[PDB]
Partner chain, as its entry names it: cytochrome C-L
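As a starting point, one isolated chain is supplied in structure tokens, in the form solved without the partner chain.
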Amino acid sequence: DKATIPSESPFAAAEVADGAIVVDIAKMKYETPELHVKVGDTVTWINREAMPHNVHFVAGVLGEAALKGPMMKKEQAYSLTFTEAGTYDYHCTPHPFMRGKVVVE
């Protein structure tokens, strides 16, 4: 689609890739709510708190279906590699007031 998923399930924050563009999740917010990256870049969200979070792109944004990411526990991470330019809105599934955007340039 417009993103590929390195790992379908969450992994440890200590195992995050070098050259990784990290967005921290803390205080019930995405710490960088508007992130600008380049085509081919991998973005990694890291949950820093006890409450589970994810990222959720509705249908028609990264592809035909919705991409509802897995729930991340504390100090778990999840990556998306963006393969096409565009503006990609997302929210948190359990907490939809948490909103962010990845702009791929």
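Definition used throughout: the rigid core is the maximal C-alpha set that superposes within 1.5 Å between two forms. Only residues modelled in both forms are compared. Residue numbers count along the first chain shown, from 1.
Just going by the entry, 86-94 versus 17-25 on mean CA temperature factor gives the higher value to 17-25. Looking at 75-83 and 45-53 together, the entry lists the larger mean B-factor for 45-53, computed on C-alpha atoms. Among all modelled residues in this chain, the alpha-carbon of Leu62 has a temperature factor (C-alpha) in the highest third. Ranked by Cα temperature factor within the chain, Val102 sits in the lowest third according to the deposited record.
Missing here is the form solved in complex with the partner chain; even so, the following discussion is about that form.
The partner chain in the bound PDB entry is not approached by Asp41, whose heavy atoms all lie more than 4.5 angstroms from it. The partner chain is not drawn, but in the bound PDB entry it has a heavy atom within 4.5 Å of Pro33. Among residues of the shown chain, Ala65 is not one whose heavy atoms approach the partner chain to within 4.5 Å in the bound PDB entry. In this core-based overlay, residues 17-19 form the only run of three or more whose Cα positions differ by 2 Å or more between the shown form and the other one.
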